[PDB]
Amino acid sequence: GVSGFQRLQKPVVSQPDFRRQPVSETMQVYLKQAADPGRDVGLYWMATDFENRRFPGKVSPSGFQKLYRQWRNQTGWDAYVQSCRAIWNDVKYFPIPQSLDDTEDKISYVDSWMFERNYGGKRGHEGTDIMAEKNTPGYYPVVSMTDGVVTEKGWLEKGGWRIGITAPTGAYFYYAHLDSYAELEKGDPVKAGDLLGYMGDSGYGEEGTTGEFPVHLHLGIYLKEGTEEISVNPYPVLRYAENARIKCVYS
């Protein structure tokens, strides 16, 4: 095996088990009530060697405080917990609002991380695809999961109309295949829950191409390691934010 101590001696963001974000259902229940979810998930990974060994203590506030007082002494802790908090601590809302009006607001999504990493041609574009129930563009709003600043805005061949928000703890949240944008420009500040645009099917052709694939929001989360932006699995943080849907009139 490779122990938590050993893992903490090298940069953690590019380690495959960190990128995968392995979170058991026990831990998902716990995280919804945690004051500092990035810290606690980070401690959970250290204590379980990224779910390779059993969790020794109690999955509880006092169990995590005990782990914290130990692990914070480690060289490497500061960078590691900052990476965990960058993913987890800035998320206030799920990216798709719930409907205030009596209108369809259903979406569906799965953890595709292991399918995408192992012979996928999605290299650098790995994330979570949030699928529209009503397969029509320009209908589901997309809101910012976090506070932050608009870092990128425009077309990419493989992302269609995308927008990127850099959140205060340092992660880059990537929203792709939009049908249209909110009134936002690079450099503008955003608050969590603010409109970023509407879910679409844009991409895979020249600028402005639509209709080539089903309507969905592609969500990516990226952390910088050295000069490289590294994708990490958004699925568990999305599950954590599942019941935090901002209420909006769609139509």
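The numbering used is simple: start at 1 and walk along the sequence shown.
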Stretch with the higher entry mean CA B-factor, where the candidates are 226 to 234 and 5 to 13: 5 to 13
Segment of higher mean CA temperature factor, 164 to 172 or 110 to 118: 110 to 118
Deposited CA B-factor, highest of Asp105, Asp90, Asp179, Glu152: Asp105
Candidate set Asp101, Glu126, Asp147, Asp129 [ranked by C-alpha B-factor, highest]: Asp101
Third of the chain's Cα B-factor distribution that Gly42 belongs to, per the entry: middle
Among modelled residues of the same chain, the CA temperature factor third for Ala35: highest
Third of the chain's Cα B-factor distribution that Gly205 belongs to, per the entry: highest
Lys58, C-alpha B-factor rank within chain (lowest, middle or highest third): highest
B-factor third for the C-alpha atom of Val215 within its chain: middle
